[PDB]
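The chain below stands alone and is given in structure tokens; this is the form deposited in one PDB entry.
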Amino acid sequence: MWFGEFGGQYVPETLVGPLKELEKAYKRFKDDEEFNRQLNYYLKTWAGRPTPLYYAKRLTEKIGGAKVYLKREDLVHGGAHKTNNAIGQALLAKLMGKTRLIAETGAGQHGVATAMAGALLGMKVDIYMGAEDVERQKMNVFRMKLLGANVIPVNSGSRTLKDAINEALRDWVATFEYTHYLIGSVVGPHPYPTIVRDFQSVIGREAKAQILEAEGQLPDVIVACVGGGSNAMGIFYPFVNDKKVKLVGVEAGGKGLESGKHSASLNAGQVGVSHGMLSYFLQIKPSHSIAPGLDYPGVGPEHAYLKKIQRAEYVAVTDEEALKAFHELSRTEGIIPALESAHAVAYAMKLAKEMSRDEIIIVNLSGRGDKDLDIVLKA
């Protein structure tokens, strides 16, 4: 449960039993033959794994420095890496005898992933979403309803993700006997940061095999955007023990790191307890990003740990830099990236320029940008 000084399980007594049951079940099923057979089957035939590792030749040439490879999580069913975790936990829930999935969502992106996985496995899905977030994400709300999920507006407090988390926990306290609480990032009380990282680690394992096939060596740098940190942990984790592989997490710089309108929790946040974990949060202060998925005010404890021991570096990219990268990748490689992923692309482009032509950067392209076309059209 602890990653050095970060993590834990800060919950009321009522949720300790449920979490220990989940930990027990996960330990059983994670190395189980039948679980892994079913999980790999759904990831292959329904989600479309493995995703390719793409050499961005034109982007590489335009910048004129290091080779830029893109791990194409944008091609997974649903258009985002969140699907890997949604399938994993929903299958875990089903084999535990649960009939219902609950989740919170701010962007609606984890909400959609959870709705898809619940539909696949024949489970009831209730999604908690702050009323203010419901207004910003009309199409994702519609997606969730098309997929058969019930969207429950949360009208308490600030009516944002923070409040949706509180309602979801209050729900789970009462309903855990038949309901799995499906957390969407490497956040929350133990065992969730570990479970979500484990279900996203497939990204890094594929990426390692694929870059060894393409280039005969591990990358010099891996760059991934960081909200709560799940896509980053997924691609980072299999390279953590490869000492020479640099790991860079890119948070939302928003309107600037000194503007008070960003989501750079590791960069500017304070250490404290929220959502059942000890990690960095902005201070309780609301975050901002043009990329909806980068608007969680905290960050996963395993990233806080990797920063502490200096195994990974954490940086920020502004809204304008992300928008620039969104347009650049679209026009140069014919890939419209998610605005979240465009933060990683933006930093990778800055970093590639300073590196030599024989060096290698892998960017985790965490999602596709179809969802963001209205925001980009306006911005």
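Heads up: residue numbers just count along the shown sequence, starting at 1. We call the rigid core the largest set of C-alpha positions that still match within 1.5 Å between the two forms.
Keep in mind that the form deposited in another entry is not shown, yet the notes after this line are about it.
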>> Please name the one residue from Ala207, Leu161, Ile183, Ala304 with a C-alpha displacement of 2 Å or more between this form and the one not shown, using the rigid core for the superposition.
In response: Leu161
>> Aligning on the core only, does the CA of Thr194 end up 2 angstroms or more away between this form and the one not shown?
In response: no
>> At a 2 Å cut-off on C-alpha positions, does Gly130 qualify as shifted between this form and the one not shown after fitting the rigid core?
In response: yes
>> Rigid core superposed, CA of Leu146 - does it shift 2 Å or more between this form and the one not shown?
In response: no
